[PDB]
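Just so you know, ligand 1 is whichever comes first in the structure, and atom 1 is the first atom listed for that ligand. Each chain gets a letter, A, B and so on, in the order the sequences are listed, and its residues count up from 1.
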Amino acid sequence: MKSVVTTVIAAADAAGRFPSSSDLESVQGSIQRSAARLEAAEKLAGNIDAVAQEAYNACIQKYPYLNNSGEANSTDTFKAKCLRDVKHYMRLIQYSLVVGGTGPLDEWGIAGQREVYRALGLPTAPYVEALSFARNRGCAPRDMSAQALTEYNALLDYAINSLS
Amino acid sequence: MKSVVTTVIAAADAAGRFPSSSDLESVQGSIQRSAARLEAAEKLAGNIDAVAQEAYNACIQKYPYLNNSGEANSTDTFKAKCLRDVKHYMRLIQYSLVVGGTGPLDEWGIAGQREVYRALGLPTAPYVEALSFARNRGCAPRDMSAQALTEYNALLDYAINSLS
Amino acid sequence: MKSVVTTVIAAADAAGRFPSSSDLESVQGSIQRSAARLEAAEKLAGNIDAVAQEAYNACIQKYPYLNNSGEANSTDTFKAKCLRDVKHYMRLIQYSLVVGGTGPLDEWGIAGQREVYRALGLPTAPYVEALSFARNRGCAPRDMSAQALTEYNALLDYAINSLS
Amino acid sequence: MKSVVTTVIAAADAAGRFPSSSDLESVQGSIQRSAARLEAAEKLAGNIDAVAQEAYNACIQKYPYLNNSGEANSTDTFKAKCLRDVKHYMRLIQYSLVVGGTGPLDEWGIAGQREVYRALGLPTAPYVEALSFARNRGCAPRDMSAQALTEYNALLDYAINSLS
Amino acid sequence: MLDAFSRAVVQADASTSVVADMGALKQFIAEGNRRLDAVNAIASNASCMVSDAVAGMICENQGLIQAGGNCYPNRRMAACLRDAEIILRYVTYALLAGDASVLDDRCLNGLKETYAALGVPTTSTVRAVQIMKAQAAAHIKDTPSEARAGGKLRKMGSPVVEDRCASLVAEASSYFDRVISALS
Amino acid sequence: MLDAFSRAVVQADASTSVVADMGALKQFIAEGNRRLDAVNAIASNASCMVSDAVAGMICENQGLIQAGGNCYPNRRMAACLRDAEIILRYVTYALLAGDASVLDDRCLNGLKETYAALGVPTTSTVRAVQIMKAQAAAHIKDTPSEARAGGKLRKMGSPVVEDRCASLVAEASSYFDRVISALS
Amino acid sequence: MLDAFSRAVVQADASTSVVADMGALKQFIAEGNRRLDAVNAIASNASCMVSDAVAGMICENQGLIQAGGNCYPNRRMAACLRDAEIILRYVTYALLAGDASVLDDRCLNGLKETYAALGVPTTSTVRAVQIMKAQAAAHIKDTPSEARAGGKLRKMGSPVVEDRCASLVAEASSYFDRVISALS
Amino acid sequence: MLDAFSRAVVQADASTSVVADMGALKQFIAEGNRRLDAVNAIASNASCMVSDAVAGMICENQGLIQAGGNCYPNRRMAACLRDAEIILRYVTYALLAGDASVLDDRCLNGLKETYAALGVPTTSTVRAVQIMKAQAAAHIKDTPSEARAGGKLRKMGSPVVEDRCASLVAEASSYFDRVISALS
Ligand SMILES: *C(=C)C1=C(C)[C@@H](Cc2[nH]c(/C=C3N=C(/C=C4\NC(=O)[C@H](C)[C@H]4[C@@H](*)C)C(C)=C\3CCC(=O)O)c(CCC(=O)O)c2C)NC1=O
Ligand SMILES: *C(=C)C1=C(C)[C@@H](Cc2[nH]c(/C=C3N=C(/C=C4\NC(=O)[C@H](C)[C@H]4[C@@H](*)C)C(C)=C\3CCC(=O)O)c(CCC(=O)O)c2C)NC1=O
Ligand SMILES: *C(=C)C1=C(C)[C@@H](Cc2[nH]c(/C=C3N=C(/C=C4\NC(=O)[C@H](C)[C@H]4[C@@H](*)C)C(C)=C\3CCC(=O)O)c(CCC(=O)O)c2C)NC1=O
Ligand SMILES: *C(=C)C1=C(C)[C@@H](Cc2[nH]c(/C=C3N=C(/C=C4\NC(=O)[C@H](C)[C@H]4[C@@H](*)C)C(C)=C\3CCC(=O)O)c(CCC(=O)O)c2C)NC1=O
Ligand SMILES: *[C@@H](C)[C@H]1/C(=C/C2=NC(=C\c3[nH]c(C[C@H]4NC(=O)C(C=C)=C4C)c(C)c3CCC(=O)O)/C(CCC(=O)O)=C2C)NC(=O)[C@@H]1C
Ligand SMILES: *[C@@H](C)[C@H]1/C(=C/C2=NC(=C\c3[nH]c(C[C@H]4NC(=O)C(C=C)=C4C)c(C)c3CCC(=O)O)/C(CCC(=O)O)=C2C)NC(=O)[C@@H]1C
Ligand SMILES: *[C@@H](C)[C@H]1/C(=C/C2=NC(=C\c3[nH]c(C[C@H]4NC(=O)C(C=C)=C4C)c(C)c3CCC(=O)O)/C(CCC(=O)O)=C2C)NC(=O)[C@@H]1C
Ligand SMILES: *[C@@H](C)[C@H]1/C(=C/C2=NC(=C\c3[nH]c(C[C@H]4NC(=O)C(C=C)=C4C)c(C)c3CCC(=O)O)/C(CCC(=O)O)=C2C)NC(=O)[C@@H]1C
Ligand SMILES: *[C@H](C)[C@H]1/C(=C/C2=NC(=C\c3[nH]c(C[C@H]4NC(=O)C(C=C)=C4C)c(C)c3CCC(=O)O)/C(CCC(=O)O)=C2C)NC(=O)[C@@H]1C
Ligand SMILES: *[C@H](C)[C@H]1/C(=C/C2=NC(=C\c3[nH]c(C[C@H]4NC(=O)C(C=C)=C4C)c(C)c3CCC(=O)O)/C(CCC(=O)O)=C2C)NC(=O)[C@@H]1C
Ligand SMILES: *[C@H](C)[C@H]1/C(=C/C2=NC(=C\c3[nH]c(C[C@H]4NC(=O)C(C=C)=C4C)c(C)c3CCC(=O)O)/C(CCC(=O)O)=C2C)NC(=O)[C@@H]1C
Ligand SMILES: *[C@H](C)[C@H]1/C(=C/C2=NC(=C\c3[nH]c(C[C@H]4NC(=O)C(C=C)=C4C)c(C)c3CCC(=O)O)/C(CCC(=O)O)=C2C)NC(=O)[C@@H]1C
Ligand SMILES: *[C@H](C)[C@H]1/C(=C/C2=NC(=C\c3[nH]c(C[C@H]4NC(=O)C(C=C)=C4C)c(C)c3CCC(=O)O)/C(CCC(=O)O)=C2C)NC(=O)[C@@H]1C
Ligand SMILES: O=P([O-])([O-])O
Ligand SMILES: O=P([O-])([O-])O
Ligand SMILES: O=P([O-])([O-])O
Ligand SMILES: O=P([O-])([O-])O
Ligand SMILES: O=P([O-])([O-])O
Ligand SMILES: O=P([O-])([O-])O
Ligand SMILES: O=P([O-])([O-])O
Ligand SMILES: O=P([O-])([O-])O
Ligand code: NA
Ligand code: NA
Ligand code: NA
Ligand code: NA
Ligand code: NA
């Protein structure tokens, strides 16, 4: 699971090395940046339902054709799954804020996503719009500090890039 | 050359990734730890000759047989080389403090050292003793701060471990 | 284990060949040379303790610093182990004379030697001097035939090379 | 070209080794066996036309159908080429006795032989009979010493095996 | 690869000397947070940048999307998009490291010869890289325009200073210039 | 591999729930400098630890260096020294990460079976590990004795607290105990 | 692989002792020329031996060359011929070395399982190996019969002794028995 | 690779003729024991030769061990020691075979071009090979000097003849000259 520490351990192990000076220095970066990313993680842990609900609503507002017969937001099951999927991305962003690398999002969100959505005929633009809404929505210090918001926004952009 | 940033870049490149959260976080560690290691680097840059001279002196005091006819410190040229060698290690330590990883020591000191010393009949114990003397010599706050001295000592132990 | 016959069998097997002319001819060389090397092996078998003792004694005479507190010949246990080690190399030489290839010395003496002596901070120069003494000591016809002595000396020089 | 010495060199090179005891011992086998094989080589060099002629005559005696219309010994050009081919094998045997390994026979006779004879519709049994006649013909000490004859016969059987 | 600090060490080693000027190195550290922001600004906008740059290259040279053109058929368009991303990726590594060596060594060396053997057109390659250079400068300054953003505008929200990180803009632009230099 | 933070994530993902407990995470961060000192204390002393542990295993069990012993001949001694280093290396990774997964996955899984196929004696392996555990504890606490240091004593110079990093000593010891459990 | 001499050294090494008793070893040297003749006798006749042995196996069991038989169709007959030759080749290596290790390590290990998975019949394989054992005995003694030679008789012309190399015949035979036992 | 005898066979095959001149080949055989002594003389002293030669090359050119020198830093010194040993190894193979083919084919072909691309200096490589040539000549003749032996003198003890193996010294020296000519 990609984080600061697992990246440097994997590099050390590939070379048969004990942890050395740059490995310790890297982990000091986690000590320093952790406050911002855990602040965002805590915000998101407390308010993920509302955050996901509004992002979902925004993507349907953008693309009302999804409500038409045969389309991906058209049935009660579909509506529930689409909201659930937005919440899954947010949860994986919460995890990635906890870890301080993209591992959770990479392994549990991104890997396979394109194949799944192609198979099920799910368009990617609504996913992008939900995440895009969420990315443009936050402001500091209203919602969280400026650096917490930097961390949150970076993970949303990471997700957006993976679907673009 | 191994450092915080080249390690993360190499890991990113192997996976076809742009820099991501854990890469930036790792580099913040360099921002943080730099003061300590650069303090040590400055001290060593300003006093390298005296530091090497006393460490060299200590290894010959330990192993006076090196002066006896035929041995590795017994002539003027040999004497000069041995002191020079001790200074090379301390210069590579200075470089490693600047870089924040062991790259300079690895690439320009450690690689090949055992084969060179073997071929030339040069015993490794006196190298270890010079570095050991240097490792036990420093104290804080006299010579530098406690964390500068931690950086300095860790690289000396890195070099000692390479020869042990 | 490397010998005349295992070398030619390995080469034949790699090519899917029965033994052929050059394989048989190689083994004729063992029939011819065995007299010299087995003579040396029998001499060494019958006098190994004295031969190793004088080699050990020579290496300590060259390096009296080994007797000093904290050095590798400084305790009764260490003195016994050093003599033992010299005897191990002579025993492996005896085995190599029996086999007619360097297999026993390569597999049971040389492989790992550098790593062992490094880890224990044992200097290699005393091993080299013991073997060197042994190499320069014999003369023919006093000790054995001139071709026997050639065989014995060649294996001592093979061991010296491995440590040099 | 496979010989005693090239086999041990190739094995030493694959392992990054200088020549060692078993390599020298193998070559002493060539010093010893060379008398036998160079005796056979000398006799064959001096009498190759007669040796080849009678072997060729024997193979046609065994297979007179080869003289019939359309068969492989039925024209003057075919007759000349068949005898020439018998002589080629005997010359390669002569070379193999000189080298002390099968290299010249392997590379210049055996390699490709089955493809060539198949393409031209040439039966192998007459080749085998020529070599078989040659193999059963010699006697010692009339033609050469018993050990020279053993070398000659072994290469003839090596050639027969390659065609059987 | 090297970084800005090992680059200084290589220069010192040329005269078997200690690194004595702590000044420029302490400047790298002082601007370290800005440098992280600059990298974030590019990486965070990379898909948009690549797509827009390749599209721009094409709208300025329609021959690329007609028979015989090097972004025709779909396979070639795809390969071009991939390359523009690769290039931007290695530029971003150079900016994180504060040194061009990873870009030079892992992306640029052999690129001219590779493209010449394939018939990838230099003129158009240059334009794609120029557009990415301009995009990168705007994102580092956090001044992208609505006019160029095609409904996809992003603001980074870093602490603003009057020069808008001019030295980092210049450095980033120098790396894009190295890409272009490597084609001739 | 996992680390202490991704461990919490995997536990939460098992119930597709957010990570709610920030306090435990913040405690990891608060002891981060002491953790880095603990790792530095082992890594810095690793050659001395390994050699002393293997030598101690041998002085307590002379069978290992006598005929048919598993540290005879040189090749076997060298393999053993290498193994003790490998085990210490993966224990130190586990301590840096705050999680045993790298040690389980990359070192311990399959190792008991590998050793049974080679005949590497379990009681001696365990003893080498026990010695390394005791060394690690003393170096983390920065209280090695002269009596065990063989004239090679090192002082770390970390800032002293009354408990001398008891929690990290217990955690490091737990990783050595995991090795012992897996291999016996 | 080991040879007769290295086998003796492995014995001595088990007690960390010099090789003192050299009588058996000096006998190997005194019988070395006859061992080379024994090897030459088998290698020189190997194609005849293999073909005759597989043909004998078959003439004693026509099921092998009928529907469902393990030497039917041509590819199976060819594979059988190839195997008999492989086996004979490794037996000759064992005889040259004076030690079965090459044969056990490089030929016999896993052979039973291989044949089981393929359905190669043990009874028939054993008979082929038994025929080759008899052939090799007669060629080592240099007493093949015209009756069994099918117009292809060869005489080796080695110097005759009363026992006709009984010791080497027994040793060769033991290697063939080892092949058979590996299928038991 | 070829040896002295297969070289003669290649020459004979160029006119599809038997090898008739047995004399030069019977001279090879007569000098075989001295050839094995000559190879033993070099192989047995190889470490001392290589280290002394490379040290000699350096003491005559101190530029090699200064900044920018091709034996600086440790890695380059090691690579150079490795190469001198490789070269000597291949020369010794050629002397054992009595033919340069192994040396030309496996060591010298492409070597000058390899060194040019790396910037390995020619004059210095030649010097190291010159010193090894001179050492080899002394060891073959069994007349090394105390002056040059640095307290590591070895005597071979081979049976002395008045010419001290003049033909083999010329031959060995010719192989070293081949190396030097290939690198010049
Ligand atoms: C074809 C008709 C054609 C185009 C396609 C387009 C290409 C083009 N783009 C620019 C400049 C920029 N594009 C930017 C991209 C983005 N901004 C964002 O906010 C999102 C994240 C992203 C993707 C849309 C940016 C930042 C710029 C920089 C300038 C600015 O922001 O104002 C150019 C100009 C390049 C140059 O200066 O040489 C071009 C040509 N133009 C077309 O004609
Ligand atoms: C054989 C006669 C034999 C030994 C060899 C020795 C092995 C042994 N070692 C310990 C404990 C420690 N060894 C330590 C090592 C070092 N300390 C240093 O300062 C340097 C860097 C390094 C290498 C020498 C350390 C730190 C300890 C911890 C205890 C302490 O410091 O006081 C033990 C005890 C292990 C246990 O408690 O189970 C043993 C057995 N002893 C021998 O008998
Ligand atoms: C099928 C009708 C059938 C056979 C085919 C044949 C098989 C068989 N062969 C032997 C014994 C030997 N065969 C030998 C082979 C050869 N002798 C030579 O001179 C040439 C070079 C070579 C190939 C033809 C030899 C040497 C023997 C040994 C005995 C001897 O020489 O007298 C046997 C007997 C096996 C046994 O004893 O168990 C068999 C069965 N027999 C068939 O029925
Ligand atoms: C540096 C100032 C410097 C040197 C280092 C040295 C290099 C050098 N060495 C020789 C000649 C030989 N060296 C030999 C080596 C050995 N002899 C032994 O007995 C042992 C086993 C071995 C290792 C020490 C030998 C055999 C010679 C041959 C000459 C001799 O024996 O007298 C030379 C001379 C090369 C030549 O003749 O062209 C040089 C330059 N000299 C330095 O100045
Ligand atoms: C040009 C690049 C920008 C700009 C950037 C500035 N950033 C400044 C401060 C700052 N940035 C960060 C985030 C950065 N550090 C990290 O550790 C990580 C990720 C791990 C990132 C992305 C931090 C933490 C800080 C310091 C805190 C703060 O000041 O709020 C900054 C001010 C300091 C300086 O002058 O260098 C600037 C100028 N500014 C601009 O005007 C353009 C748009
Ligand atoms: C048990 C491990 C020790 C012990 C350790 C303590 N270390 C404390 C502080 C500290 N350590 C470092 C160095 C560390 N941080 C890094 O970034 C790097 C390398 C990149 C390393 C090696 C720093 C920077 C600090 C903080 C500065 C300081 O306090 O001086 C520390 C105090 C904080 C705390 O209570 O956690 C402790 C206790 N202490 C002991 O008693 C044993 C010997
Ligand atoms: C059972 C195997 C035989 C038999 C064999 C004997 N061979 C004897 C002597 C002998 N054989 C060779 C040839 C051999 N040596 C080589 O170097 C090579 C190839 C490179 C081969 C093939 C030599 C040189 C000699 C020695 C000279 C001589 O004796 O003429 C031999 C006599 C010595 C002894 O008793 O061991 C025997 C008995 N004898 C038999 O009766 C069966 C058929
Ligand atoms: C120049 C190279 C020397 C020198 C050499 C001579 N060696 C002579 C004889 C000889 N050497 C050996 C050992 C050799 N044969 C082997 O089988 C093996 C290893 C397997 C080796 C190392 C033997 C067995 C013999 C024959 C026994 C003997 O003569 O004592 C030799 C004399 C014969 C000849 O003239 O060719 C010479 C001259 N002599 C010199 O002056 C320089 C130093
Ligand atoms: C800065 C003043 C902005 C801006 C911000 C507004 N946000 C408003 C409501 C709102 N925002 C969110 C997302 C936020 N909550 C979280 O928990 C997280 C992340 C974990 C984020 C980023 C939510 C769920 C809500 C609704 C609940 C709430 O009021 O907090 C808001 C109120 C009016 C509105 O809903 O638009 C404002 C004003 N508004 C701006 O125009 C500037 C650019
Ligand atoms: C703490 C008070 C120690 C202690 C320290 C002493 N060190 C003394 C001299 C000394 N130390 C060094 C090494 C130091 N200089 C550097 O530039 C660097 C690293 C870059 C280090 C680690 C040198 C070269 C010297 C000699 C020059 C000088 O005096 O500064 C020293 C003076 C007396 C002496 O030489 O021993 C002391 C007192 N002494 C102690 O007793 C505690 C444990
Ligand atoms: C001092 C603690 C020793 C000692 C040392 C001597 N070293 C000798 C030669 C030598 N040293 C090195 C390593 C050095 N060169 C580098 O480029 C670097 C790192 C960048 C280092 C650390 C090399 C490569 C060499 C060989 C080339 C040369 O001569 O410079 C030396 C001369 C040995 C000889 O010529 O026979 C000595 C005496 N002497 C002592 O007593 C202790 C063991
Ligand atoms: C040739 C005349 C030499 C020389 C030789 C001397 N050796 C003496 C004693 C001696 N040598 C050995 C080693 C020898 N014994 C073995 O078993 C083996 C190999 C297996 C070898 C090489 C031993 C153990 C001894 C002591 C017992 C004994 O006397 O045999 C010796 C006696 C005086 C002395 O001890 O130095 C001589 C004269 N001396 C020379 O000066 C020329 C060059
Ligand atoms: C042993 C006494 C045999 C036997 C042998 C005879 N061979 C006869 C003639 C003959 N043999 C060869 C082949 C021979 N010459 C060579 O140069 C070489 C190898 C290089 C070999 C193996 C030739 C070419 C000839 C014809 C020329 C000649 O007379 O030498 C021979 C004469 C009568 C005949 O032609 O058969 C005999 C007696 N004869 C026997 O009865 C026993 C079993
Ligand atoms: O993984 P993906 O499916 O390619 O997104
Ligand atoms: O690299 P090294 O030589 O092994 O130290
Ligand atoms: O094996 P080594 O350790 O390299 O001697
Ligand atoms: O090579 P070959 O054709 O198979 O004979
Ligand atoms: O590491 P690099 O060489 O830069 O790729
Ligand atoms: O990464 P991993 O799977 O833990 O080894
Ligand atoms: O060599 P080997 O192990 O017998 O196969
Ligand atoms: O074998 P070779 O071809 O000479 O490498
Ligand atoms: Na993308
Ligand atoms: Na070490
Ligand atoms: Na060596
Ligand atoms: Na065949
Ligand atoms: Na267990």
Quick one: look up the protein heavy atom nearest [atom] and list residue, atom name and how far away it is.
| atom | value |
| --- | --- |
| atom 21 (C) of ligand 5 | E/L36 CB, 3.7 Å |
| atom 13 (C) of ligand 5 | A/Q147 OE1, 3.2 Å |
| atom 2 (P) of ligand 21 | H/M1 N, 3.4 Å |
| atom 18 (C) of ligand 5 | A/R33 CZ, 3.6 Å |
| atom 41 (O) of ligand 5 | E/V161 N, 3.0 Å |
| atom 30 (O) of ligand 5 | E/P159 CG, 3.5 Å |
| atom 5 (O) of ligand 21 | H/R106 NE, 2.9 Å |

Could you tell me if the side chain of [Y] sits less than 4.5 Å from the side chain of [X], heavy atoms only?
| X | Y | answer |
| --- | --- | --- |
| D/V27 | H/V39 | no |
| E/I140 | E/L95 | yes |
| B/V8 | B/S22 | no |

Rounded to the nearest 0.5 Å, how far does OH of C/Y158 lie from CG of C/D106?
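Going from CG on C/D106 over to OH on C/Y158, the span is 3.5 Å.
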
Is it the case that the side chains of [Y] and [X] hold a donor-acceptor pair, with the cut-off being a distance below 3.5 Å and no angle test?
| X | Y | value |
| --- | --- | --- |
| E/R34 | E/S167 | no |
| C/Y89 | C/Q113 | yes |
| C/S132 | H/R154 | yes |
| H/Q135 | H/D52 | yes |
| H/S101 | H/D105 | no |
| C/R118 | B/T124 | yes |
| A/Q147 | A/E151 | no |
| C/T102 | D/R17 | yes |

Heavy-atom distances under 4.0 Å are what count here, so tell me which part of E/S158 touches ligand 5: side chain, backbone, both or neither.
side chain

Using distance alone, determine whether [X] and ligand 5 share an N or O pair under 3.5 Å.
| X | value |
| --- | --- |
| E/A30 | no |
| E/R34 | yes |
| E/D37 | yes |
| A/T150 | no |
| E/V160 | no |

Mind running side-chain hydrogen bond (donor to acceptor under 3.5 Å, both in side chains) on H/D3 and D/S3 for me, showing each step along the way?
CA-CA 8 Å; H/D3 59 51; D/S3 74; 2.7 Å; yes

Just which atoms of ligand 5 are under 4.0 Å from any heavy atom in [X]?
| X | value |
| --- | --- |
| B/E25 | 20 (C) |
| B/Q28 | 15 (N), 16 (C), 17 (O) |
| B/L24 | 19 (C), 20 (C) |
| E/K141 | 43 (C) |
| E/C165 | 1 (C), 2 (C), 3 (C), 4 (C), 5 (C), 39 (N), 40 (C), 42 (C) |

If you scan the protein for heavy atoms around atom 25 (C) of ligand 5, do you find one that is closer than 4.0 Å?
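Protein heavy atom within 4.0 Å of atom 25 (C) of ligand 5: present.
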
Does the protein place a non-hydrogen atom closer than 4.0 angstrom to atom 33 (C) of ligand 5?
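No; the ligand atom in question lacks any protein heavy-atom contact below 4.0 Å.
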
Who gets closest to atom 10 (C) of ligand 5 by heavy atom: E/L168, E/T143, B/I31, E/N33?
E/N33

Is ligand 5 less than 4.0 angstrom away from at least one heavy atom of E/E31?
no

Rounded to 10 degrees, what angle sits at the Na ion (ligand 24) between C/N161 O and C/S164 O?
90°

Are H/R106 and H/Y90 in a cation-pi setup, meaning NZ or CZ lies under 6.0 angstrom from the ring centre and within 45 degrees of the ring axis?
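So H/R106 doesn't make the cation-pi contact.
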
Should the ring pair F/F5 and F/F28 be called parallel, tilted or perpendicular, given that the plane angle runs from 0 to 90° and is split at 30 and 60?
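The arrangement is tilted - the two ring planes meet at 30° to 60°.
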
3.0 Å cut-off met by an N, O or S atom of C/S162 to the Na ion (ligand 24):
no

Please check whether H/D105 reaches ligand 21 - meaning an N/O of the residue sits under 3.5 Å from an N/O of the ligand, judged on distance alone.
yes

